[PDB]
$ cat entry37.csv   # CSV, C-alpha atoms and all ligand atoms
chain,number,residue,atom,x,y,z
A,1,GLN,CA,114.2,83.2,57.8
A,2,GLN,CA,114.1,81.1,61.0
A,3,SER,CA,114.4,77.4,61.7
A,4,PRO,CA,111.1,75.6,62.1
A,5,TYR,CA,111.7,74.8,65.8
A,6,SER,CA,112.5,78.4,66.6
A,7,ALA,CA,109.7,79.7,64.3
A,8,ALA,CA,107.1,77.4,65.9
A,9,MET,CA,108.1,78.6,69.4
A,10,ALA,CA,108.1,82.3,68.3
A,11,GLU,CA,104.7,82.1,66.7
A,12,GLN,CA,103.2,80.5,69.9
A,13,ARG,CA,104.8,83.2,72.1
A,14,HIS,CA,103.5,85.8,69.7
A,15,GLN,CA,99.9,84.5,69.9
A,16,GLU,CA,100.1,84.2,73.7
A,17,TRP,CA,101.4,87.8,74.0
A,18,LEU,CA,98.6,89.1,71.8
A,19,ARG,CA,96.1,87.3,73.9
A,20,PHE,CA,97.4,89.0,77.0
A,21,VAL,CA,97.4,92.4,75.2
A,22,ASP,CA,93.8,91.9,74.1
A,23,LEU,CA,92.7,90.6,77.5
A,24,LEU,CA,94.1,93.7,79.2
A,25,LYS,CA,92.6,96.0,76.5
A,26,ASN,CA,89.1,94.6,77.3
A,27,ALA,CA,89.8,94.8,81.0
A,28,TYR,CA,90.4,98.5,80.7
A,29,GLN,CA,87.1,98.8,78.8
A,30,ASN,CA,85.3,96.9,81.6
A,31,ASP,CA,87.0,98.8,84.4
A,32,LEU,CA,88.7,95.5,85.5
A,33,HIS,CA,92.3,96.5,84.7
A,34,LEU,CA,93.4,97.0,88.3
A,35,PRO,CA,92.3,93.5,89.5
A,36,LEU,CA,93.6,91.9,86.3
A,37,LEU,CA,97.0,93.5,86.7
A,38,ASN,CA,97.1,92.5,90.4
A,39,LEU,CA,96.4,88.9,89.3
A,40,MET,CA,99.0,88.9,86.5
A,41,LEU,CA,101.9,90.8,88.2
A,42,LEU,CA,103.6,90.3,91.5
A,43,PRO,CA,103.9,93.3,93.9
A,44,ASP,CA,107.6,93.7,93.2
A,45,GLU,CA,106.9,93.6,89.4
A,46,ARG,CA,104.3,96.3,89.8
A,47,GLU,CA,106.8,98.4,91.7
A,48,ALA,CA,109.4,97.9,89.0
A,49,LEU,CA,107.0,99.1,86.4
A,50,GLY,CA,106.1,102.2,88.4
A,51,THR,CA,109.8,102.9,88.8
A,52,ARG,CA,110.6,102.3,85.1
A,53,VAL,CA,108.0,105.0,84.2
A,54,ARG,CA,109.9,107.4,86.4
A,55,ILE,CA,113.3,106.4,84.9
A,56,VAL,CA,111.8,107.0,81.4
A,57,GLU,CA,110.3,110.3,82.5
A,58,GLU,CA,113.6,111.6,84.0
A,59,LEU,CA,115.7,110.4,81.1
A,60,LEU,CA,113.4,112.4,78.7
A,61,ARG,CA,113.3,115.4,81.1
A,62,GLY,CA,117.1,115.5,81.2
A,63,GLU,CA,117.4,117.4,84.5
A,64,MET,CA,118.2,114.6,87.1
A,65,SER,CA,121.9,113.7,87.4
A,66,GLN,CA,123.3,110.2,87.3
A,67,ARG,CA,123.9,110.1,91.0
A,68,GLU,CA,120.3,111.3,91.6
A,69,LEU,CA,118.9,108.6,89.3
A,70,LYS,CA,120.9,106.0,91.3
A,71,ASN,CA,120.0,107.4,94.7
A,72,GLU,CA,116.3,108.2,94.0
A,73,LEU,CA,115.3,105.5,91.5
A,74,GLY,CA,117.9,102.8,92.1
A,75,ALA,CA,119.1,103.1,88.5
A,76,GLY,CA,122.8,102.6,88.1
A,77,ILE,CA,124.9,103.3,85.0
A,78,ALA,CA,124.1,99.9,83.4
A,79,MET,CA,120.3,100.4,83.8
A,80,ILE,CA,120.4,104.0,82.6
A,81,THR,CA,122.3,102.8,79.5
A,82,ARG,CA,119.7,100.1,78.8
A,83,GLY,CA,116.8,102.5,79.4
A,84,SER,CA,118.4,105.1,77.1
A,85,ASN,CA,118.9,102.4,74.5
A,86,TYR,CA,115.2,101.3,74.7
A,87,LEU,CA,114.1,104.9,74.2
A,88,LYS,CA,116.4,105.3,71.2
A,89,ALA,CA,115.1,102.1,69.7
A,90,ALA,CA,111.4,103.0,70.2
A,91,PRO,CA,109.5,104.6,67.3
A,92,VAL,CA,109.8,108.4,67.2
A,93,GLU,CA,106.0,108.5,67.5
A,94,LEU,CA,106.1,106.8,70.9
A,95,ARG,CA,108.9,109.0,72.2
A,96,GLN,CA,107.1,112.2,71.1
A,97,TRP,CA,103.9,110.9,72.8
A,98,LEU,CA,105.7,110.1,76.0
A,99,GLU,CA,107.2,113.6,76.1
A,100,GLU,CA,103.7,115.0,75.8
A,101,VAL,CA,102.1,112.9,78.4
A,102,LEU,CA,104.9,112.5,81.0
A,103,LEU,CA,106.4,116.0,80.7
A,104,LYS,CA,103.0,117.7,80.7
B,1,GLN,CA,103.7,100.7,110.0
B,2,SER,CA,105.7,103.9,110.6
B,3,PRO,CA,104.9,107.2,108.9
B,4,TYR,CA,108.1,106.7,106.9
B,5,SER,CA,107.0,103.3,105.6
B,6,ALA,CA,103.5,104.5,105.0
B,7,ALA,CA,104.7,107.5,103.0
B,8,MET,CA,106.9,105.2,100.9
B,9,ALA,CA,104.0,102.8,100.3
B,10,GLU,CA,101.6,105.5,99.2
B,11,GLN,CA,104.3,106.9,96.8
B,12,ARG,CA,104.7,103.4,95.3
B,13,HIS,CA,101.0,103.1,95.0
B,14,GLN,CA,100.7,106.4,93.1
B,15,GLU,CA,103.6,105.4,90.9
B,16,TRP,CA,101.9,102.2,90.0
B,17,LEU,CA,98.6,104.0,89.2
B,18,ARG,CA,100.6,106.3,87.0
B,19,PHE,CA,101.8,103.4,85.0
B,20,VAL,CA,98.3,102.0,84.8
B,21,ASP,CA,97.0,105.3,83.5
B,22,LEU,CA,99.8,105.7,81.0
B,23,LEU,CA,99.1,102.3,79.5
B,24,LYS,CA,95.4,103.1,79.5
B,25,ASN,CA,96.1,106.2,77.4
B,26,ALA,CA,98.5,104.2,75.2
B,27,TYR,CA,95.7,101.8,74.3
B,28,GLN,CA,93.5,104.8,73.4
B,29,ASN,CA,96.2,106.1,71.1
B,30,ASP,CA,97.1,102.6,69.7
B,31,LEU,CA,100.6,103.0,71.1
B,32,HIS,CA,100.2,100.2,73.7
B,33,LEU,CA,102.4,97.7,71.7
B,34,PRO,CA,105.5,99.9,71.5
B,35,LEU,CA,105.0,101.1,75.0
B,36,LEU,CA,104.9,97.6,76.3
B,37,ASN,CA,108.1,96.8,74.4
B,38,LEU,CA,109.8,99.7,76.1
B,39,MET,CA,108.5,98.9,79.6
B,40,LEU,CA,108.9,95.1,79.6
B,41,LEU,CA,111.8,92.9,78.7
B,42,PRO,CA,111.2,90.1,76.2
B,43,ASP,CA,111.3,87.4,78.9
B,44,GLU,CA,108.8,89.4,81.0
B,45,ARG,CA,106.4,89.6,78.1
B,46,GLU,CA,106.7,85.8,77.6
B,47,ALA,CA,106.0,85.3,81.2
B,48,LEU,CA,102.8,87.3,81.0
B,49,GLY,CA,101.6,85.4,78.0
B,50,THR,CA,102.3,82.1,79.9
B,51,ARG,CA,100.5,83.4,83.0
B,52,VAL,CA,97.4,84.0,81.0
B,53,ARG,CA,97.4,80.3,79.9
B,54,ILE,CA,98.0,79.2,83.5
B,55,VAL,CA,95.0,81.2,84.6
B,56,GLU,CA,92.9,79.9,81.8
B,57,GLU,CA,93.8,76.3,82.4
B,58,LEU,CA,93.3,76.6,86.2
B,59,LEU,CA,89.8,78.0,85.6
B,60,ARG,CA,89.0,75.3,83.0
B,61,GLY,CA,90.1,72.6,85.4
B,62,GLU,CA,90.8,70.0,82.7
B,63,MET,CA,94.6,69.9,82.5
B,64,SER,CA,96.3,67.9,85.2
B,65,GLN,CA,99.3,69.1,87.2
B,66,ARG,CA,101.7,67.1,85.0
B,67,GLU,CA,100.1,68.6,81.9
B,68,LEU,CA,100.4,72.1,83.3
B,69,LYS,CA,104.1,71.4,84.0
B,70,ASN,CA,104.9,70.0,80.6
B,71,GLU,CA,102.8,72.4,78.5
B,72,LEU,CA,103.2,75.7,80.5
B,73,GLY,CA,106.2,75.1,82.7
B,74,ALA,CA,104.1,75.6,85.8
B,75,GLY,CA,105.4,73.6,88.7
B,76,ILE,CA,103.3,72.8,91.8
B,77,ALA,CA,104.3,75.9,93.7
B,78,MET,CA,103.4,78.2,90.8
B,79,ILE,CA,100.0,76.4,90.5
B,80,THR,CA,99.4,77.0,94.2
B,81,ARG,CA,100.3,80.7,93.9
B,82,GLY,CA,98.2,81.2,90.7
B,83,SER,CA,95.3,79.5,92.4
B,84,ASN,CA,95.6,81.8,95.4
B,85,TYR,CA,95.7,84.9,93.2
B,86,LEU,CA,92.5,83.7,91.5
B,87,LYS,CA,90.8,83.1,94.9
B,88,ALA,CA,91.8,86.6,96.1
B,89,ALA,CA,90.5,88.3,93.0
B,90,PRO,CA,87.2,90.1,93.1
B,91,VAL,CA,84.2,88.1,91.9
B,92,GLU,CA,83.7,90.4,88.9
B,93,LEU,CA,87.1,89.6,87.6
B,94,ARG,CA,86.7,85.8,88.0
B,95,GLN,CA,83.3,85.9,86.4
B,96,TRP,CA,84.7,87.9,83.5
B,97,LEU,CA,87.7,85.7,83.0
B,98,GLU,CA,85.5,82.6,82.9
B,99,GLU,CA,83.4,84.3,80.2
B,100,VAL,CA,86.3,85.4,78.0
B,101,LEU,CA,89.0,82.8,78.5
B,102,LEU,CA,86.6,79.8,78.4
C,201,LIG,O1,103.6,83.6,91.2
C,201,LIG,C1,104.4,83.7,90.2
C,201,LIG,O2,105.4,83.0,90.0
C,201,LIG,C2,104.1,84.8,89.1
C,201,LIG,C3,102.7,84.9,88.8
C,201,LIG,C4,102.1,86.1,88.9
C,201,LIG,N1,100.8,86.0,88.5
C,201,LIG,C5,100.5,84.7,88.1
C,201,LIG,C6,99.4,84.0,87.6
C,201,LIG,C7,99.4,82.7,87.3
C,201,LIG,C8,100.6,82.0,87.5
C,201,LIG,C9,101.7,82.6,88.0
C,201,LIG,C10,101.7,84.0,88.3
C,202,LIG,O1,116.6,96.9,81.6
C,202,LIG,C1,116.0,96.7,82.7
C,202,LIG,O2,116.7,96.6,83.7
C,202,LIG,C2,114.5,96.6,82.7
C,202,LIG,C3,113.8,97.8,82.0
C,202,LIG,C4,112.9,97.5,81.0
C,202,LIG,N1,112.4,98.7,80.5
C,202,LIG,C5,113.0,99.7,81.2
C,202,LIG,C6,112.9,101.1,81.1
C,202,LIG,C7,113.7,101.9,81.9
C,202,LIG,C8,114.6,101.4,82.8
C,202,LIG,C9,114.7,100.0,82.9
C,202,LIG,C10,113.9,99.2,82.1
$ encode --input "entry37.csv" --output "structure tokens"
Amino acid sequence: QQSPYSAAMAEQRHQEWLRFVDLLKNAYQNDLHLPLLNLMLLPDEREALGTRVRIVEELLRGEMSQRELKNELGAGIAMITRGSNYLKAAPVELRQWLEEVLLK
Amino acid sequence: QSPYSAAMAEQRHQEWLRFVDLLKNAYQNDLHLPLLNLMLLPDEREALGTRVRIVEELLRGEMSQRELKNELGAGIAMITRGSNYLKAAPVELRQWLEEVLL
């Protein structure tokens, strides 16, 4: 269970997140995803997301070394550990799909 | 802009488009929810949800600055930035947001 205060906040955040997810879903369908994402994300946030994709890809590929991840993608040991933990916690279905699309 | 900086900027642009395409394909495979949980921290997802509300209420024009602050945590500087983003957006996006958010 959860206390009513925390539960009320969590439900609000949940509904607000689903609204963003659905808004972006429809933007993709209307070819408006690029301007929507420029509106909703700062330039440095967009860059971070692009870099996180590369970190995920190289973690799954298994070829880049720790020094290379730091020097090429700015990912130190703490960030590599976090990213690896996120991948382990993700559903197997997502990980397998990521391997197919990113390591194509 | 030097060739070095231009080359870096183009690489960042391609990396961003790669994320955009990855998420597009995740939506098509109904894997967008777990992908977004992997790619975004909880506090980042919350911020995106709140930014949608700020955009909505700025377009609606009903809430006052104080209400935007109390309900959405959006101070005066964030309201100014959000308003600038909306003004710089293409007309097609603004027209669509007015149709769906309002
Ligand atoms: O400016 C910020 O603090 C982040 C931000 C990015 N897109 C936005 C849209 C509306 C309100 C705030 C933001
Ligand atoms: O932990 C972070 O620093 C942010 C982050 C969120 N998703 C990620 C995936 C790979 C690498 C870093 C992150």
$ residues_around --input "entry37.csv" --residues "residue 49 in chain B" --least-positions-apart "5" --cutoff "10 Å" --atoms "all atoms listed in the file" --output "MDAnalysis selection string"
(chainID A and resid 12:21 40) or (chainID B and resid 43:44 54)
$ atom_distance --input "entry37.csv" --atom1 "CA of residue 18 in chain B" --atom2 "CA of residue 42 in chain A"
16.9 Å
$ residues_near_ligand --input "entry37.csv" --ligand "ligand LIG 202 (chain C)" --cutoff "8 Å" --atoms "all atoms listed in the file" --output "PDB file with C-alpha atoms, keeping the file's coordinate frame"
ATOM      1  CA  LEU A  49     107.000  99.100  86.400  1.00  0.00           C
ATOM      2  CA  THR A  51     109.800 102.900  88.800  1.00  0.00           C
ATOM      3  CA  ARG A  52     110.600 102.300  85.100  1.00  0.00           C
ATOM      4  CA  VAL A  53     108.000 105.000  84.200  1.00  0.00           C
ATOM      5  CA  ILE A  55     113.300 106.400  84.900  1.00  0.00           C
ATOM      6  CA  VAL A  56     111.800 107.000  81.400  1.00  0.00           C
ATOM      7  CA  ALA A  75     119.100 103.100  88.500  1.00  0.00           C
ATOM      8  CA  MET A  79     120.300 100.400  83.800  1.00  0.00           C
ATOM      9  CA  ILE A  80     120.400 104.000  82.600  1.00  0.00           C
ATOM     10  CA  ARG A  82     119.700 100.100  78.800  1.00  0.00           C
ATOM     11  CA  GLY A  83     116.800 102.500  79.400  1.00  0.00           C
ATOM     12  CA  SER A  84     118.400 105.100  77.100  1.00  0.00           C
ATOM     13  CA  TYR A  86     115.200 101.300  74.700  1.00  0.00           C
ATOM     14  CA  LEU A  87     114.100 104.900  74.200  1.00  0.00           C
TER      15      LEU A  87
ATOM     16  CA  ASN B  37     108.100  96.800  74.400  1.00  0.00           C
ATOM     17  CA  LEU B  38     109.800  99.700  76.100  1.00  0.00           C
ATOM     18  CA  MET B  39     108.500  98.900  79.600  1.00  0.00           C
ATOM     19  CA  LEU B  40     108.900  95.100  79.600  1.00  0.00           C
ATOM     20  CA  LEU B  41     111.800  92.900  78.700  1.00  0.00           C
TER      21      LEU B  41
END
$ residues_near_ligand --input "entry37.csv" --ligand "ligand LIG 201 (chain C)" --cutoff "10 Å" --atoms "all atoms listed in the file" --output "ChimeraX atom specification"
/A:36-43,45 /B:47-58,72,74-75,77-86
$ closest_residue --input "entry37.csv" --among "A:91, A:74, A:4, A:62" --to "chain B" --atoms "all atoms listed in the file"
A:91
$ closest_residue --input "entry37.csv" --among "B:68, B:7, B:35, B:63" --to "chain A" --atoms "only C-alpha atoms"
B:35
$ closest_residue --input "entry37.csv" --among "A:26, A:77, A:66, A:2" --to "chain B" --atoms "all atoms listed in the file"
A:26
$ atom_distance --input "entry37.csv" --atom1 "CA of residue 22 in chain A" --atom2 "CA of residue 98 in chain B"
15.3 Å
$ residues_around --input "entry37.csv" --residues "residue 96 in chain B" --least-positions-apart "4" --cutoff "9 Å" --atoms "all atoms listed in the file" --output "list in words"
residues 27 and 32 of chain A; 91, 92, 100 and 101 of chain B
$ build_atoms --input "entry37.csv" --residues "range 43-56 of chain B" --atoms "N, CA, C and O atoms" --output "JSON list (two decimals), in the coordinates of the input"
[["chain", "number", "residue", "atom", "x", "y", "z"],
["B", 43, "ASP", "N", 111.66, 88.55, 77.99],
["B", 43, "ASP", "CA", 111.30, 87.40, 78.90],
["B", 43, "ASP", "C", 110.17, 87.75, 79.78],
["B", 43, "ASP", "O", 109.43, 86.84, 80.17],
["B", 44, "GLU", "N", 109.99, 89.03, 80.13],
["B", 44, "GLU", "CA", 108.80, 89.40, 81.00],
["B", 44, "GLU", "C", 107.55, 89.34, 80.16],
["B", 44, "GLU", "O", 106.51, 88.94, 80.70],
["B", 45, "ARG", "N", 107.58, 89.74, 78.89],
["B", 45, "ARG", "CA", 106.40, 89.60, 78.10],
["B", 45, "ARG", "C", 106.01, 88.14, 77.88],
["B", 45, "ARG", "O", 104.83, 87.79, 77.95],
["B", 46, "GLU", "N", 107.00, 87.27, 77.66],
["B", 46, "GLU", "CA", 106.70, 85.80, 77.60],
["B", 46, "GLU", "C", 106.06, 85.32, 78.82],
["B", 46, "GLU", "O", 105.09, 84.56, 78.76],
["B", 47, "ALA", "N", 106.58, 85.71, 79.99],
["B", 47, "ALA", "CA", 106.00, 85.30, 81.20],
["B", 47, "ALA", "C", 104.53, 85.66, 81.35],
["B", 47, "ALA", "O", 103.69, 84.88, 81.80],
["B", 48, "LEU", "N", 104.21, 86.90, 80.96],
["B", 48, "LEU", "CA", 102.80, 87.30, 81.00],
["B", 48, "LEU", "C", 101.93, 86.52, 80.12],
["B", 48, "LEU", "O", 100.80, 86.16, 80.48],
["B", 49, "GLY", "N", 102.41, 86.21, 78.91],
["B", 49, "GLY", "CA", 101.60, 85.40, 78.00],
["B", 49, "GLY", "C", 101.39, 83.98, 78.61],
["B", 49, "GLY", "O", 100.29, 83.43, 78.48],
["B", 50, "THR", "N", 102.40, 83.42, 79.27],
["B", 50, "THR", "CA", 102.30, 82.10, 79.90],
["B", 50, "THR", "C", 101.33, 82.17, 81.09],
["B", 50, "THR", "O", 100.55, 81.24, 81.33],
["B", 51, "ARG", "N", 101.40, 83.25, 81.87],
["B", 51, "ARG", "CA", 100.50, 83.40, 83.00],
["B", 51, "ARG", "C", 99.06, 83.39, 82.63],
["B", 51, "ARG", "O", 98.21, 82.84, 83.34],
["B", 52, "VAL", "N", 98.74, 84.01, 81.49],
["B", 52, "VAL", "CA", 97.40, 84.00, 81.00],
["B", 52, "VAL", "C", 96.92, 82.54, 80.76],
["B", 52, "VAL", "O", 95.81, 82.15, 81.13],
["B", 53, "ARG", "N", 97.78, 81.73, 80.14],
["B", 53, "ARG", "CA", 97.40, 80.30, 79.90],
["B", 53, "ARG", "C", 97.27, 79.57, 81.20],
["B", 53, "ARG", "O", 96.36, 78.74, 81.33],
["B", 54, "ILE", "N", 98.14, 79.82, 82.18],
["B", 54, "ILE", "CA", 98.00, 79.20, 83.50],
["B", 54, "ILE", "C", 96.66, 79.50, 84.10],
["B", 54, "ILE", "O", 95.94, 78.62, 84.59],
["B", 55, "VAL", "N", 96.31, 80.79, 84.10],
["B", 55, "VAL", "CA", 95.00, 81.20, 84.60],
["B", 55, "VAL", "C", 93.88, 80.52, 83.91],
["B", 55, "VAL", "O", 92.96, 79.98, 84.53],
["B", 56, "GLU", "N", 93.92, 80.55, 82.57],
["B", 56, "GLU", "CA", 92.90, 79.90, 81.80],
["B", 56, "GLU", "C", 92.74, 78.43, 82.16],
["B", 56, "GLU", "O", 91.62, 77.94, 82.37]]
